[PDB]
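Read the figures in this text as sums done on the coordinates, not as results from a lab. Backbone-built Cβ (ideal geometry, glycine too); neighbour counts: all protein chains shown.
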Amino acid sequence: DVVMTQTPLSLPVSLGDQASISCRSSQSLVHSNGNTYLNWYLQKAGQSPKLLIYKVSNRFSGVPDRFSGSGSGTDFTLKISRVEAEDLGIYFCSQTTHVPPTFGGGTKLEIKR
């Protein structure tokens, strides 16, 4: 199946810095029609699932411009302008190109000390 290199594992940043979660793939997640299939995820302690981007960069209806997704067909990253206190938590990503869909991710965004 298609592999996905998830990185980094941890992201000790400061409240105000920038972010860049990486989510690579073995092959291009581009379909014959030219459509891409990859989404991002974010979770806290025990709240409902959160979605920032569902299509490479396409943000969800409610996601501030602070969050941006981009990269090549074999590279996807979650960049954040200013990592605030709400951005903290756990991040993940997934693809909807192959079946079963391959899931991955786990970047721990915790503030340094």
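Is there a residue in the stretch 45-58 that is out of contact with any helix residue (DSSP H, G or I) (no Cβ under 9 Å at 6 or more places or on another chain), surrounded by 12 or more Cβ atoms within 10 Å (Cβ to Cβ), in contact (Cβ under 8 Å) with a residue 40 or more places away in the chain and aliphatic (A, V, I, L, M)?
Taking every residue of the stretch 45-58 in turn, none turns out to be out of contact with any helix residue (DSSP H, G or I) (no Cβ under 9 Å at 6 or more places or on another chain), surrounded by 12 or more Cβ atoms within 10 Å (Cβ to Cβ), in contact (Cβ under 8 Å) with a residue 40 or more places away in the chain and aliphatic (A, V, I, L, M).
Within the set of pairs 6+ apart or on separate chains, which have a first residue in the stretch 22-40 that is free of Cβ contacts under 8 Å to residues at least 24 places away in the same chain and closer than 14 Å to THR7 by Cβ, a second that is in a strand (DSSP E or B) and among the hydroxyl-bearing types (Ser, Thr, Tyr), and C-beta atoms under 7 Å apart?
That search, which allows pairs on different chains as well, returns nothing.
Among the residues of the stretch 78-113, write down those that are closer than 21 Å to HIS31 by Cβ and in a strand (DSSP E or B).
From the stretch 78-113, those closer than 21 Å to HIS31 by Cβ are 93-104; that's our starting set.
Result: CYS93, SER94, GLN95, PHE103, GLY104.
Name every residue in the stretch 1-44 that is of a type in the set (A, V, I, L, M, F, W, C) and surrounded by 13 or more Cβ atoms within 10 Å (Cβ to Cβ), in order of residue number.
Of the residues in the stretch 1-44, the ones of a type in the set (A, V, I, L, M, F, W, C) are 2-4, 9, 11, 13, 15, 19, 21, 23, 29-30, 38, 40, 42.
Residues satisfying the conditions are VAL2, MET4, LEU11, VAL13, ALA19, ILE21, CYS23, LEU29, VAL30, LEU38, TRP40, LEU42.
Report, by residue number, each residue of the stretch 59-86 that is in contact (Cβ under 8 Å) with a residue 40 or more places away in the chain, over 19 Å from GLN6 (Cα atoms) and of a type in the set (D, E, K, R).
Passing the criteria: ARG82, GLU84.
Quick one: count up the residues across the stretch 48-68 that are of a type in the set (S, T, N, Q) and either part of a strand (DSSP E or B) or in contact with a strand residue (DSSP E or B) (Cβ under 9 Å, 6 or more places away or on another chain) (or both).
Step one: list which residues in the stretch 48-68 are of a type in the set (S, T, N, Q), which gives 48, 57-58, 61, 68.
Still in the running and either part of a strand (DSSP E or B) or in contact with a strand residue (DSSP E or B) (Cβ under 9 Å, 6 or more places away or on another chain) (or both): 57-58, 68.
So the count comes out to 3.
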